[PDB]
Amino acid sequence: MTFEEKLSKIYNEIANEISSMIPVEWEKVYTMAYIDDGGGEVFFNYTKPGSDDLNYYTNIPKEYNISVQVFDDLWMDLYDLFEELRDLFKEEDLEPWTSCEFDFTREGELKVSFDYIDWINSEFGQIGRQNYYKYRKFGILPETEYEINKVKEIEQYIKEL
């Protein structure tokens, strides 16, 4: 297999894992992953057909008949897939990514965005990252001043990299 054939195999595996974590029909899924050697985070938002509303992933057990344990154990497998995606870069002697945007539609479109920002040494937290992500991806502002100011600190930080 070529490098891009290995990447395609794991794209498909990541997409189908996310899809099986969603207990209703979805139209689009926006996934963000921050991963390095010491750990990381993976969240996603999905939409349903007929609406543009974003549905956060951990709200799935709170809204539907799926146990938190089953959901989290699936999340664990999903993380492993992204770590696999990351190890593929290591094996190609490529600098491994520290963030991966993973957006796909039910029709089969997939757009991926990798970045290499040293997030852990930036000392910005998980929610700060997520709020910055959400402001750039969608148009969403945080609503508290501490949160809003943290996004501004991350913006200035990145431009000056």
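From 1 onward, residues are counted along the sequence shown.
As the entry records it, the average C-alpha temperature factor is higher for 138 to 146, out of 138 to 146 and 19 to 27. As listed in the deposited structure, the average C-alpha B-factor of 29 to 37 and of 117 to 125 is greater for 117 to 125. Between the residues 51, 58, 98, 105, it is 51 that shows the highest Cα B-factor in the PDB record. Residue 44: CA B factor in the middle third of modelled residues in this chain (values from the PDB entry).
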